[PDB]
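A closer look at the structure
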Amino acid sequence: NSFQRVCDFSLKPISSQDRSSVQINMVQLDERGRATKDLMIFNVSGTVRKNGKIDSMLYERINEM
Amino acid sequence: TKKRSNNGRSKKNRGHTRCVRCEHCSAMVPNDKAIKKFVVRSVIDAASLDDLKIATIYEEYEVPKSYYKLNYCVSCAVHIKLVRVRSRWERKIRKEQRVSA
Amino acid sequence: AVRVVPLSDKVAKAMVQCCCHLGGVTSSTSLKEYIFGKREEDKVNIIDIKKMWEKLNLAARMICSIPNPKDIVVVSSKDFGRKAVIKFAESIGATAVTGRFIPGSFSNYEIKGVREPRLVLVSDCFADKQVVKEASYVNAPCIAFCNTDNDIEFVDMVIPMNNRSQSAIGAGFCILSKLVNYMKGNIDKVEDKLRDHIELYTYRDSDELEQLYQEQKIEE
Amino acid sequence: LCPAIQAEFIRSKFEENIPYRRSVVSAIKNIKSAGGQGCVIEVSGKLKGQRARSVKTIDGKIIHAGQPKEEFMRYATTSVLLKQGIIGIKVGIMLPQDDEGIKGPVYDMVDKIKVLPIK
Amino acid sequence: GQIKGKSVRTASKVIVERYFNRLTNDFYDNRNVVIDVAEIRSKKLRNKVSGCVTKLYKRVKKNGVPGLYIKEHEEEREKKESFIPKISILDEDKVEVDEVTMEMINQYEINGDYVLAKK
Amino acid sequence: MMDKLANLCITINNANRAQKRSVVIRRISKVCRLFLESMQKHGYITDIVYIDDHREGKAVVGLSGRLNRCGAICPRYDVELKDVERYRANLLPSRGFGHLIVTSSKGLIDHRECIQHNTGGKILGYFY
Amino acid sequence: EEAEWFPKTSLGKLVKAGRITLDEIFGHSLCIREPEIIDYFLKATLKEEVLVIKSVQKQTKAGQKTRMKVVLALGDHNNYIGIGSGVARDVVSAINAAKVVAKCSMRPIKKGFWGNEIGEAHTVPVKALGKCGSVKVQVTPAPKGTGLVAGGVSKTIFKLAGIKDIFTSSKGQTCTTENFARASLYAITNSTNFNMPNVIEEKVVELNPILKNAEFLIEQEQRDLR
RNA sequence: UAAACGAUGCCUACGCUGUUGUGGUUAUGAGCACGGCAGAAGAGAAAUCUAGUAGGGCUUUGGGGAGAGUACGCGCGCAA
Ligand SMILES: [Zn+2]
């Protein structure tokens, strides 16, 4: 439904109006370092983006994984 | 409304400053507010140096210079055109002027 | 650890000759994590090789995630760094922009010829500031090559590298091209074709190209 | 496309005691719908009180200068007498281009450049 | 003032991109081509267009005009690029470099014929 | 000197707005401990450590994504059980969720427990 | 007489092909930049109401130049509302302009219960505040069967949004109709995005539908070309 | 008594970055006290920011223009 989108980095809902929200998709590495059909997916709000804070935060979470 | 962040003067962390007198009209102006101008002028004009070369008794001669610091009040500086009115974004630009001769 | 396609000795050598590791004198709180010491003679900061390879691998990975590669848009609005983009995009199937990026050209329907992006790539993002700003209106990620003096708000993946020398620009683009091809199985080893490609990308003056033409013709 | 007709539609509506605004808006629709590429209408006089004024309206394309004005532009003027004085009306219409030469000129304006498409 | 005006420069720029191979260094050839292809209704205009087009053609054939893409000279520039440089960093396998770089070489165990910068 | 229970609240409110996950709080009292321990029972904060520095005291805490706001009331008004719903309607956003904390002869308790135990007390603070 | 729609944007291609639903659009926070997208789903159902008409003036050498400014709401009485302003030489033209802005700023509005979850949801979930210029509005949930306790302008907005009971309070210069309209729309919007205790567990994840349908769109690229 | 003005009360908090000063101290990496400057984010009717966040404590003080900081009484002062 219309009310089920939540930001991964700031843990609050994203409103339908936010032009600066974006979704980031990345592939997963294969054995011997090649590519695969499976995707990482992140939903990120505009508030982090206006500040500049997203650069470091994403680097943290790829390490967490 | 407040036109300038520094109130048009360079005083900060002080109560009171010495006054000086305007070169053009002798009005009193605070030292930290007065418009300042530096001059380094030869005693002899450029149009005479070619005569000096035949007039002097010495093998070589260096002309003496004269040195001045002048002070002006706002009204005089604007009228003599040392400074001019500027637009709302230009007002913020600060650059050192040339020494006059 | 992060799963990265292995380093190989000639590749390592290559980047060092290309002077990738020479940063500037200034530094930024965002970029401290990539520096490993400072030249006592020069006050130049030196970039960590192992981290450079990591973020280069991370960039490559996400370039592979987007189908219909035409929707990837590569921009670089400067000579001294022009031809690199023009070849690089062809090596992956992306679209490109070359001159001044007409402001509004992602936002406004009336300006023709540039596709709605799904991923934007930028080199030396002090110029092309408009591109980083404008992608933010259309939900696109951004990947940039960057140097210690400069800092950006909306860049998701900051690949650290010298961006102020024609030796350096060639090295980044040449290597990344190969990785993306490798990850897809289009090539079998990365050391295959070093001096050929890295030279092709490297910028040259008209005055050099005159000399090289005359030489080549004499040899022919 | 005849300004002399439309001006008399206007003059009628003044005597019918209908607002100038509504009258002029209708006239412009008729002129445009019939295919005119633009028009100008001006009303002048003791129109809304003891102080006289003129109100001028422009729509689409109108030419003022040179020989292209003599072949594309058509004008009419009239006046209506009322209890307070005379109100004057000016109408001008720019004719459409017409390849058979009935509605307007055969040849389009001298300054227009068109480049042919490739096979 | 002998400036060409907007429609004359626009038509000039479009014709050189649309028909490039048909044009030459000669005013009379270029005048023949614009007499052939264009709608232009006075010799006064097409004398000025062919004037600007033959002013461009020198600069364009002399290694290009920025803001004027010609496929024939995109090909010429690909030929100049295919005239590949035989200069090399590729053979510079022996190298000297600073201590901080030598320690990065140590901390990542990078093999090769590196030396400390003798400086 | 600032009130210690006020200082606690502003420290976590600002850090939450700045999107930090953890903070150090610099001056701690007995009721500050009990307040934090209340927020842990209802799952608003996750981890608590206390540092015994011999200089007053200090705490390190992990914030959850569920915390929107908290605050202290000063002064600490006395309330009958008849009065508490008035304060509940003034402070909290909804009738469905959130907590108003009251000190009593039975420790710190929330506005629901007041009905269960049949006791008023003194008003202390709130969170949602 | 009518004009067929050719989608200018990538998302526009998906809606015309029939590969997407309006909840998916809102759910993924996708931009809307073609009014036709809203028409496609809601044309049969949208109501509108004009909140204010006013005249504005610019002083010139010749005299005052003047224009008509119109502000209105689009909504469906169930879930959707959007607010739009336009300025033109003519009151009709101004309405046409305002409608574009409204459609490009539609939002879904969530609802809840004053007490227990019996029957259908009927009020705002949570007490919230909205600010615009000098005007502040606060909304509070209300028992079923109280109706809309609301001032002149804001009352129309709650009705179009499909809310049945509310309590409202207000502060500032509410004579300014544009500020009062925008502030009240922010108040309900802020209530929908409140971080409810359940929210963290209700979370779901999916790939963006524009990335998901890339294959089809690449076929459409070649179909348009060939 | 002053346009006795940074027209911004006093203690005490929580708070982003870069740069430049003054005085001590230094594992030479930095700190502590007192400043200037330039952005950001929030805020505000805007201009702008001693103005961000907040039921921390205590004092002064305003309530549409005028008449009026004037009349009468009182206290200080040689008078003003
Ligand atoms: Zn003077």
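Residues numbered from 1 in each chain as written, not as in the entry; some residues may be left out. Chains lettered and ligands numbered in written order. Part of a larger assembly, values for the part shown. Heavy atoms only, no water. Residues with missing side-chain atoms left out of burial classes, pairs and counts.

- What the deposited record gives as its method is cryo-EM, and the resolution it gives is 14.3 Å.

1. So, the interface of chain G and chain F
- Tallying the contact residues gives 10 residues for chain G and 13 residues for chain F.
- When chain G packs against chain F, the two sides together hide about 940 Å² of surface, and 56% of this comes from carbon and sulfur.
- The largest share of the area that chain G buries against chain F comes from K127(G), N195(G) and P197(G), three residues that together contribute 51% of it.
- Inspection of the region where chain G meets chain F yields 0 salt bridges.
- If you look at where chain G meets chain F, you find 8 residue pairs in polar contact.
- Its residues assigned to classes, the side of chain G that touches chain F comprises 8 nonpolar, 1 polar and 1 charged. (Contact = heavy atoms within 4.5 Å. Buried area = accessible area lost by both parts, 1.4 Å probe. Salt bridge = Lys/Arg side-chain N within 4 Å of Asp/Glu carboxyl O. Polar contact = N/O pair within 3.5 Å; in protein donor to acceptor, adjacent residues only side chain to side chain. Nonpolar A, V, L, I, M, F, W, Y, C, P; charged D, E, K, R; others polar.)

2. Some words on the protein's contact with RNA strand H
- Near RNA strand H there are 25 residues, and of these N13(B), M2(F), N7(F), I10(F) and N14(F) occur at the shortest range.
- Here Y77(F) contributes a side-chain N or O atom positioned 3.4 Å from a base nitrogen of RNA strand H.
- When residues of the surface near RNA strand H are assigned to their parent elements, the largest contribution, 6 residues, is made by helix α1 (residues 4-17) of chain F. (Near = heavy atom within 4 Å. Helix = DSSP H or I, 4+ residues; strand = E, 2+ residues; numbered from the N terminus.)

3. What to know about the packing of aromatic side chains
- With the rule as written, the count across this model stands at 17 aromatic pairs over all chains.
- Through a chain of ring-to-ring contacts, the aromatic side chains of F97(F), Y126(F), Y128(F) and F194(G) assemble into a single cluster.
- Between the NZ or CZ atom of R33(F) and the centre of the ring of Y50(F), over which it lies, the distance is 5.0 Å. (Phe/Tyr/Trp six-rings, centres within 6.5 Å; stacked < 30°, edge-to-face > 60°. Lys NZ or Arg CZ within 6 Å of the ring centre and 35° of its normal.)

4. Let's talk about the arrangement of the chains
- Between all 7 pairs of chains that are in contact, chains A and C come out with the most contacts.
- With no contact formed, the shortest span from any C-alpha in chain A to any C-alpha in chain B equals 26 Å.

5. As for the interface of chain A and chain C
- Between chain A and chain C, the residue contacts involve 26 residues of the former and 28 residues of the latter.
- Taking both partners together, chain A and chain C bury about 2,400 Å²; carbon and sulfur atoms supply 54% of that area.
- When residues of the side of chain A that touches chain C are assigned to their parent elements, the largest contribution, 6 residues, is made by strand β1 (residues 22-27) of chain A.

6. Details of unusual backbone geometry
- Cis geometry is found at the peptide bond from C74(F) to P75(F), where omega equals -5°.
- Within the secondary structure layout, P75(F) lies in the loop between β4 (70-72) and β5 (78-79).
- Notably, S26(B) is not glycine yet its phi reads approximately 65°, a positive angle.
- A positive phi angle, near 60°, is found at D128(C), a position not held by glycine.
- Position of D128(C) relative to the elements: it lies in the loop between β5 (119-122) and α4 (129-135).

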